[PDB]
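Trainee: Structure below; questions to follow.
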Amino acid sequence: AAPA
Amino acid sequence: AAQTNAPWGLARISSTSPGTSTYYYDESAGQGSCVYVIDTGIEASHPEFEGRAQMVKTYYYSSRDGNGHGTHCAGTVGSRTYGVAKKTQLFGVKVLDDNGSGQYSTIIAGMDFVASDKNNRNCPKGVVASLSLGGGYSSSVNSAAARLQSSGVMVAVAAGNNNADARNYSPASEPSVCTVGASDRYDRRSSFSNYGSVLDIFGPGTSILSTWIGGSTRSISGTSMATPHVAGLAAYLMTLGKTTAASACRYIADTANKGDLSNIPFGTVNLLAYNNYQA
Ligand SMILES: [Ca+2]
């Protein structure tokens with residue numbers, strides 16, 4: 001994942 | 001209580017209409033409840049947290065947010081000035097690195113962690129988890145979120161900023177959780193916001209003022225920003241006794257402002273988080  | 005000259009998002013959430021400036025809310029302010037922030041960590045010493053925040057777990061070399069993402073989200077949850085539930089407890093879970101990257105096994109580990117850790121916390125009014133991250137579809141990630149939700153925690157997840165159907169992104173695509181889209185000042189779907197039937201509700205995600213690292217503040221945009229408004233809202237309603245972890249997401253949609261959003265494609269809900277406050 002990655003941040004949103 | 002009433003917060004004058006509040007950030008637009010907080011105001012929006014306590015109004016039936018866009019364009020106001022006051023944030024009306026009950027003084028109880030989500031006290032007695034807990035919000036897990038699963039991101040880049042929290043800058044716990046930030047004066048805005050008044051000492052109500054703390055890091056509980058890292059998956060890296062440090063427990064500090066050298067990114068900002070998590071600290072921003074936590075603020076929207078329950079910081080004095082910028083948050084929904086001003087008297088809640090915050091716990092930081094660092095699943096993402098300072099570069100904002102994170103492998104799926106770590107995010108799954110962080111979720112199981114939360115489901116266990118909550119048992120040794122004092123959170124009488126309930127527990128919430130706010131997850132402003134995502135990636136491509138993954139069943140294991142989804143299943144991790146489901147487990148979390150089933151364990152008795154209000155799970156709220158960002159829909160993503162691909163301006164696509166969220167069904168191809170995780171954990172946004174897990175139906176059991178509370179997938180949150182983003183909106184702007186003018187009651188428009190944020191242009192980057194993902195959409196689709198799996199969405200449960202919208203919140204303010206464009207140009208949101210919040211806490212930042214080095215005791216600062218910053219405006220940024222995203223479904224990450226919307227997610228916390230909802231988690232903060234659930235925390236808030238839980239302390240008031242209106243709903244429970246299991247049914248919070250449903251409750252929030254039943255009680256939402258309906259039909260006000262624009263740029264909402266067929267098949268997506270037109271539902272805007274709303275606290276229904278009345279003095
Ligand atoms: Ca759902």
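Each chain of the structure tokens is named A, B, ... in the order shown, its residues numbered from 1; ligands are numbered from 1 in display order.
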Collect all residues with atoms no farther than 8 Å from ligand 1, counting only C-alpha atoms and all ligand atoms, and output them as a PDB file with N, CA, C and O atoms, in the first residue's frame.

Mentor:
```pdb
ATOM      1  N   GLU B 174     -13.475  -4.168   0.402  1.00  0.00           N
ATOM      2  CA  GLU B 174     -14.069  -5.127   1.325  1.00  0.00           C
ATOM      3  C   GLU B 174     -15.442  -4.609   1.714  1.00  0.00           C
ATOM      4  O   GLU B 174     -15.522  -3.556   2.310  1.00  0.00           O
ATOM      5  N   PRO B 175     -16.531  -5.297   1.367  1.00  0.00           N
ATOM      6  CA  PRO B 175     -17.852  -4.755   1.674  1.00  0.00           C
ATOM      7  C   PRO B 175     -18.202  -4.527   3.141  1.00  0.00           C
ATOM      8  O   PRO B 175     -18.996  -3.625   3.438  1.00  0.00           O
ATOM      9  N   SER B 176     -17.621  -5.351   4.028  1.00  0.00           N
ATOM     10  CA  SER B 176     -17.944  -5.334   5.449  1.00  0.00           C
ATOM     11  C   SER B 176     -17.537  -4.093   6.195  1.00  0.00           C
ATOM     12  O   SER B 176     -18.122  -3.860   7.232  1.00  0.00           O
ATOM     13  N   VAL B 177     -16.556  -3.344   5.668  1.00  0.00           N
ATOM     14  CA  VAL B 177     -16.037  -2.117   6.288  1.00  0.00           C
ATOM     15  C   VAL B 177     -16.726  -0.858   5.762  1.00  0.00           C
ATOM     16  O   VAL B 177     -17.664  -0.965   4.980  1.00  0.00           O
ATOM     17  N   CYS B 178     -16.275   0.326   6.218  1.00  0.00           N
ATOM     18  CA  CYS B 178     -16.902   1.605   5.888  1.00  0.00           C
ATOM     19  C   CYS B 178     -16.043   2.415   4.940  1.00  0.00           C
ATOM     20  O   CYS B 178     -15.163   3.177   5.350  1.00  0.00           O
ATOM     21  N   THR B 179     -16.289   2.207   3.650  1.00  0.00           N
ATOM     22  CA  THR B 179     -15.503   2.807   2.585  1.00  0.00           C
ATOM     23  C   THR B 179     -16.013   4.218   2.309  1.00  0.00           C
ATOM     24  O   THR B 179     -17.181   4.418   1.985  1.00  0.00           O
ATOM     25  N   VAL B 198     -19.496  -0.138  -3.857  1.00  0.00           N
ATOM     26  CA  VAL B 198     -18.892  -0.495  -2.584  1.00  0.00           C
ATOM     27  C   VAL B 198     -18.714   0.691  -1.642  1.00  0.00           C
ATOM     28  O   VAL B 198     -18.536   0.513  -0.447  1.00  0.00           O
ATOM     29  N   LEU B 199     -18.882   1.911  -2.141  1.00  0.00           N
ATOM     30  CA  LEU B 199     -18.796   3.061  -1.255  1.00  0.00           C
ATOM     31  C   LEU B 199     -19.974   3.100  -0.296  1.00  0.00           C
ATOM     32  O   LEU B 199     -21.087   2.778  -0.664  1.00  0.00           O
ATOM     33  N   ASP B 200     -19.739   3.501   0.930  1.00  0.00           N
ATOM     34  CA  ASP B 200     -20.792   3.563   1.930  1.00  0.00           C
ATOM     35  C   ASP B 200     -21.227   5.007   2.174  1.00  0.00           C
ATOM     36  O   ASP B 200     -22.375   5.315   2.480  1.00  0.00           O
ATOM     37  N   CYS B 249     -21.421   2.294  10.680  1.00  0.00           N
ATOM     38  CA  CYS B 249     -21.374   2.656   9.272  1.00  0.00           C
ATOM     39  C   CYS B 249     -22.780   2.764   8.698  1.00  0.00           C
ATOM     40  O   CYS B 249     -23.130   3.743   8.045  1.00  0.00           O
TER      41      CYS B 249
END
```

Trainee: Wanna dump the chain B-chain A contacts at 10 Å for me, each residue with its shortest atom pair and the distance in Å to one decimal, counting only C-alpha atoms, ordered by chain and number, as a Markdown table?

Mentor:
```
| residue | atom | partner | partner_atom | distance |
| --- | --- | --- | --- | --- |
| B:38 | CA | A:3 | CA | 9.8 |
| B:39 | CA | A:3 | CA | 7.0 |
| B:40 | CA | A:3 | CA | 8.0 |
| B:67 | CA | A:3 | CA | 9.8 |
| B:69 | CA | A:3 | CA | 6.8 |
| B:70 | CA | A:3 | CA | 8.5 |
| B:73 | CA | A:4 | CA | 9.6 |
| B:95 | CA | A:1 | CA | 9.4 |
| B:96 | CA | A:2 | CA | 7.3 |
| B:97 | CA | A:2 | CA | 9.2 |
| B:99 | CA | A:2 | CA | 8.8 |
| B:100 | CA | A:2 | CA | 5.5 |
| B:101 | CA | A:2 | CA | 5.2 |
| B:102 | CA | A:1 | CA | 5.4 |
| B:103 | CA | A:1 | CA | 6.3 |
| B:104 | CA | A:1 | CA | 6.5 |
| B:106 | CA | A:1 | CA | 9.5 |
| B:107 | CA | A:1 | CA | 7.9 |
| B:131 | CA | A:4 | CA | 8.9 |
| B:132 | CA | A:4 | CA | 5.2 |
| B:133 | CA | A:3 | CA | 4.2 |
| B:134 | CA | A:1 | CA | 4.9 |
| B:135 | CA | A:1 | CA | 4.6 |
| B:136 | CA | A:1 | CA | 7.8 |
| B:141 | CA | A:1 | CA | 9.9 |
| B:157 | CA | A:4 | CA | 9.9 |
| B:158 | CA | A:4 | CA | 7.0 |
| B:159 | CA | A:4 | CA | 8.8 |
| B:160 | CA | A:4 | CA | 6.5 |
| B:161 | CA | A:4 | CA | 7.0 |
| B:169 | CA | A:1 | CA | 9.8 |
| B:170 | CA | A:1 | CA | 8.5 |
| B:171 | CA | A:1 | CA | 9.6 |
| B:221 | CA | A:4 | CA | 8.7 |
| B:222 | CA | A:4 | CA | 5.9 |
| B:223 | CA | A:4 | CA | 6.0 |
| B:224 | CA | A:4 | CA | 4.4 |
| B:225 | CA | A:4 | CA | 7.7 |
| B:226 | CA | A:4 | CA | 9.7 |
| B:227 | CA | A:4 | CA | 9.3 |
```

Trainee: DSSP on the backbone: which residues in stretch 51-246 of chain B end up as strand (DSSP E or B)? Give the answer as an MDAnalysis selection string.

Mentor: chainID B and resid 53:58 89:94 126:131 133:136 154:158 165 169:170 178:183 188:189 195 201:204 208:212 216:220

Trainee: At what distance in Å, to one decimal, does atom CA of residue B:65 lie from atom CA of residue B:30?

Mentor: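 Separation between atom CA of residue B:30 and atom CA of residue B:65: 24.3 Å.
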
Trainee: I need the residue nearest residue B:7 from this list: B:118, B:80, B:189, B:242. Use only C-alpha atoms for the distance.

Mentor: B:80

Trainee: So that I can check the surroundings of residue B:196, please list as a PDB file with N, CA and C atoms, in the first residue's frame every protein, DNA and RNA residue that reaches within 9 Å of it, counting only C-alpha atoms and ignoring chain neighbours fewer than 5 positions away.

Mentor:
```pdb
ATOM      1  N   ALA B 164     -11.494   6.172  -9.958  1.00  0.00           N
ATOM      2  CA  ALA B 164     -11.895   4.910 -10.510  1.00  0.00           C
ATOM      3  C   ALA B 164     -12.852   4.189  -9.586  1.00  0.00           C
ATOM      4  N   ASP B 165     -13.347   3.065 -10.087  1.00  0.00           N
ATOM      5  CA  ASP B 165     -14.170   2.198  -9.289  1.00  0.00           C
ATOM      6  C   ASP B 165     -13.286   1.599  -8.229  1.00  0.00           C
ATOM      7  N   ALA B 166     -13.669   1.805  -6.987  1.00  0.00           N
ATOM      8  CA  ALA B 166     -12.899   1.327  -5.852  1.00  0.00           C
ATOM      9  C   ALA B 166     -12.820  -0.195  -5.692  1.00  0.00           C
ATOM     10  N   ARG B 167     -13.592  -0.906  -6.507  1.00  0.00           N
ATOM     11  CA  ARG B 167     -13.692  -2.354  -6.445  1.00  0.00           C
ATOM     12  C   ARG B 167     -12.394  -3.062  -6.747  1.00  0.00           C
ATOM     13  N   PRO B 265     -21.615   9.481  -9.909  1.00  0.00           N
ATOM     14  CA  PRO B 265     -22.054   8.580 -10.953  1.00  0.00           C
ATOM     15  C   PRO B 265     -23.106   7.604 -10.482  1.00  0.00           C
ATOM     16  N   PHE B 266     -23.979   7.232 -11.430  1.00  0.00           N
ATOM     17  CA  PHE B 266     -25.024   6.233 -11.231  1.00  0.00           C
ATOM     18  C   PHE B 266     -24.464   4.971 -10.559  1.00  0.00           C
ATOM     19  N   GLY B 267     -25.079   4.548  -9.462  1.00  0.00           N
ATOM     20  CA  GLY B 267     -24.595   3.347  -8.815  1.00  0.00           C
ATOM     21  C   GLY B 267     -23.802   3.603  -7.538  1.00  0.00           C
ATOM     22  N   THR B 268     -23.478   4.872  -7.318  1.00  0.00           N
ATOM     23  CA  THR B 268     -22.734   5.289  -6.157  1.00  0.00           C
ATOM     24  C   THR B 268     -23.696   5.972  -5.216  1.00  0.00           C
ATOM     25  N   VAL B 269     -23.492   5.864  -3.921  1.00  0.00           N
ATOM     26  CA  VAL B 269     -24.387   6.573  -3.020  1.00  0.00           C
ATOM     27  C   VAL B 269     -24.195   8.084  -3.074  1.00  0.00           C
TER      28      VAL B 269
END
```

Trainee: Kindly give the distance, in Å, that separates atom CA of residue B:182 and atom CA of residue B:212, rounded to a single decimal.

Mentor: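 Atom CA of residue B:212 lies 20.1 Å from atom CA of residue B:182.
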
Trainee: Between B:94, B:147, B:86, B:185, which residue has the minimum interatomic distance to residue B:62, considering only C-alpha atoms?

Mentor: B:94

Trainee: Given the choices B:211, B:191, B:270, B:239, which gets closest to residue B:253 if the distance is worked out from only C-alpha atoms?

Mentor: B:270

Trainee: Give me, as a list in words, all polymer residues having an atom no more than 10 Å from residue B:19, counting only C-alpha atoms and skipping those fewer than 3 positions away in the same chain.

Mentor: residues 8, 9, 11, 12, 15, 16, 22, 185, 186 and 187 of chain B

Trainee: Report the distance between atom CA of residue B:184 and atom CA of residue B:207 in Å, rounded to one decimal place.

Mentor: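 Interatomic distance, atom CA of residue B:184 to atom CA of residue B:207: 7.6 Å.
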
Trainee: Determine which residues of stretch 97-204 of chain B DSSP labels as alpha helix (DSSP H) from the backbone of this structure, then write them out as a ChimeraX atom specification.

Mentor: /B:104-117,139-150

Trainee: For the selection you just gave me, I'd like the residues written to a file as a tab-separated table (two decimals), in the first residue's frame, keeping N, CA and C atoms.

Mentor:
```
chain	number	residue	atom	x	y	z
B	104	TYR	N	2.07	-5.55	2.03
B	104	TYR	CA	0.75	-5.97	2.47
B	104	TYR	C	0.77	-6.76	3.77
B	105	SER	N	1.81	-7.61	3.91
B	105	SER	CA	1.95	-8.39	5.14
B	105	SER	C	2.08	-7.51	6.36
B	106	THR	N	2.75	-6.37	6.21
B	106	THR	CA	2.77	-5.44	7.31
B	106	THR	C	1.43	-4.78	7.61
B	107	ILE	N	0.67	-4.45	6.58
B	107	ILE	CA	-0.61	-3.86	6.87
B	107	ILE	C	-1.59	-4.87	7.46
B	108	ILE	N	-1.46	-6.11	7.05
B	108	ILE	CA	-2.26	-7.16	7.62
B	108	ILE	C	-1.82	-7.39	9.06
B	109	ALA	N	-0.52	-7.34	9.28
B	109	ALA	CA	-0.05	-7.49	10.64
B	109	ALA	C	-0.56	-6.37	11.56
B	110	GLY	N	-0.56	-5.14	11.06
B	110	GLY	CA	-1.04	-4.02	11.85
B	110	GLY	C	-2.52	-4.15	12.21
B	111	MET	N	-3.32	-4.70	11.28
B	111	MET	CA	-4.74	-4.87	11.57
B	111	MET	C	-5.04	-5.92	12.65
B	112	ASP	N	-4.36	-7.08	12.58
B	112	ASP	CA	-4.51	-8.16	13.57
B	112	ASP	C	-4.07	-7.63	14.91
B	113	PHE	N	-3.01	-6.84	14.83
B	113	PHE	CA	-2.49	-6.16	15.99
B	113	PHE	C	-3.58	-5.34	16.65
B	114	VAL	N	-4.17	-4.41	15.90
B	114	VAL	CA	-5.27	-3.63	16.47
B	114	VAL	C	-6.38	-4.50	17.11
B	115	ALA	N	-6.80	-5.57	16.42
B	115	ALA	CA	-7.89	-6.38	16.94
B	115	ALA	C	-7.59	-7.01	18.30
B	116	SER	N	-6.30	-7.27	18.56
B	116	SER	CA	-5.79	-7.85	19.81
B	116	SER	C	-5.54	-6.79	20.87
B	117	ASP	N	-4.83	-5.73	20.45
B	117	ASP	CA	-4.41	-4.67	21.35
B	117	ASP	C	-5.55	-3.99	22.07
B	139	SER	N	-7.17	-10.10	-1.81
B	139	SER	CA	-8.09	-10.76	-0.91
B	139	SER	C	-7.61	-10.84	0.53
B	140	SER	N	-6.31	-11.00	0.74
B	140	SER	CA	-5.79	-11.15	2.10
B	140	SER	C	-5.90	-9.87	2.90
B	141	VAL	N	-5.69	-8.75	2.20
B	141	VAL	CA	-5.85	-7.45	2.81
B	141	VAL	C	-7.30	-7.20	3.23
B	142	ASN	N	-8.20	-7.54	2.32
B	142	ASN	CA	-9.62	-7.45	2.56
B	142	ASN	C	-10.01	-8.26	3.77
B	143	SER	N	-9.55	-9.49	3.76
B	143	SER	CA	-9.91	-10.41	4.81
B	143	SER	C	-9.37	-9.94	6.14
B	144	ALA	N	-8.27	-9.22	6.09
B	144	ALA	CA	-7.71	-8.66	7.31
B	144	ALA	C	-8.62	-7.57	7.89
B	145	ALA	N	-9.12	-6.74	7.00
B	145	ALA	CA	-10.04	-5.70	7.38
B	145	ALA	C	-11.34	-6.26	7.93
B	146	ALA	N	-11.85	-7.31	7.28
B	146	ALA	CA	-13.08	-7.95	7.72
B	146	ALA	C	-12.95	-8.50	9.14
B	147	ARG	N	-11.85	-9.18	9.37
B	147	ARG	CA	-11.54	-9.73	10.67
B	147	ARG	C	-11.56	-8.60	11.71
B	148	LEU	N	-10.88	-7.51	11.34
B	148	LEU	CA	-10.81	-6.36	12.22
B	148	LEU	C	-12.19	-5.87	12.56
B	149	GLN	N	-12.97	-5.70	11.52
B	149	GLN	CA	-14.33	-5.26	11.77
B	149	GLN	C	-15.12	-6.24	12.62
B	150	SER	N	-14.90	-7.53	12.39
B	150	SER	CA	-15.69	-8.52	13.07
B	150	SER	C	-15.31	-8.65	14.54
```
